[PDB]
């Protein structure tokens, strides 16, 4: 059952409590609940999404940013980036799989195999992931000549039909620039290729969010309790350092209530909120906790460290003809291309949007339009590393999020981004786009030198909205990895984390489907542990 008033819940004890109903957390709770002998609670600070058309209808997703469904995290001042940038994060069942543009990718096998081979995370490789991406999806390309794909899973993946004539022309321009059309999600990584995306959307226009796909079917299930509108303020531990449950706060008076777990708590509040909850709960860098008056239960110095993202630039053009008035999600094409030789994954990706994107350019005086399109280059393995830290001991205060954009010492991220703006220009200038590409509105053709393009990037960049890696998994003996390879929080028992916080290195592509696969894997790890 769904409980949106804690006063109506009499028994506050469960076998498992999953905190955060987002991409991973919805997957973990649904899968755990498939054993009818265990009880599962899923606790989510935002509201239920059932019946909320602006969340459910994918083509409305742009309206959600900065609304009441967005926690809206500003960043710390940036040494070499855009201090006005905001990390939008959904506050609603489904988490960010409920606010995003549903671009759906399997991660490159080369990214996943490196989690075990290079970063110490035993058992995390493409062998472990592939059957889980298969189990979670119902893909339109499934069939016996593509046996890796799922045809039965709860998350529906479909091909964006090629209806936007500007997008067809842009892919024709990609081909003229030496970037062929490529099929996505075949299991073979695309290093140089472009196409319309696969999106996790249902045939009726509803986003196949983790809440739509995993939770809506099971709300009334006997052993399942969904609690919305309830915000966790700390995890609690007995004198054995065993996690016994979570303290949550209601929206009426801000009273604190305890939910208790007999077996395990899984924390899935995402890459910004998870490290903050662990630190509030005494698990984090000792001197940082002591400076906020928090008693250190585990000195765990990698909590909040290693923050990674896909930083993003934009090139905006005025369109020479009326742009499409309807769309699946307004950002229907992706282009991958390598900026140097010898790579087995592309270092550069770009999105094509059939809209302008002036959120960061208008304040610096760049001209804008109501009829244009955008190309957004992003660095796929940015080398910069940032932090999520407590702003105070009060759980109500937003944390300090400092991605340290464009600070890596070799200057890789700024180099790939400058190459990305040039590449976007070269694509838009091909003869197949000649009836569409009008004047370049940002940065504008006056910006030509590396220095002019770097200044533009520093002032106007955004994010593809993909923060990961702040509570990473790694080797049992690696003290900078807060989790072991079974996603258990080191130094306590009964506590795992499953969300985008766990990645030891960013993936090449948009990460949502991989985060759901992390939730699927966490459920399998728990169910195996329960058997013993």
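Numbering follows the first chain given and starts at 1.
Taking the PDB entry as given, 319 to 327 carries the higher mean Cα B factor of the two stretches 132 to 140 and 319 to 327. Stretches 282 to 290 and 216 to 224 differ in mean CA B factor, with 216 to 224 having the higher one. Per the PDB record, 239 has a higher Cα B-factor than any other of 418, 277, 239, 388.
Comparing the listed residues 254, 346, 313, 304, the entry records the largest Cα B-factor for 254.
Per the PDB record, residue ranking by Cα B-factor puts residue 377 in the lowest third of the chain.
The PDB entry assigns residue 117 a C-alpha temperature factor belonging to the highest third of its chain's modelled residues. Ranked by C-alpha B-factor against the other modelled residues of its chain, residue 523 falls in the middle third. Among the modelled residues of its chain, residue 370 has a C-alpha B-factor that falls in the highest third according to the deposited record. The deposited CA B-factor of residue 44 belongs to the middle third of values across its chain.
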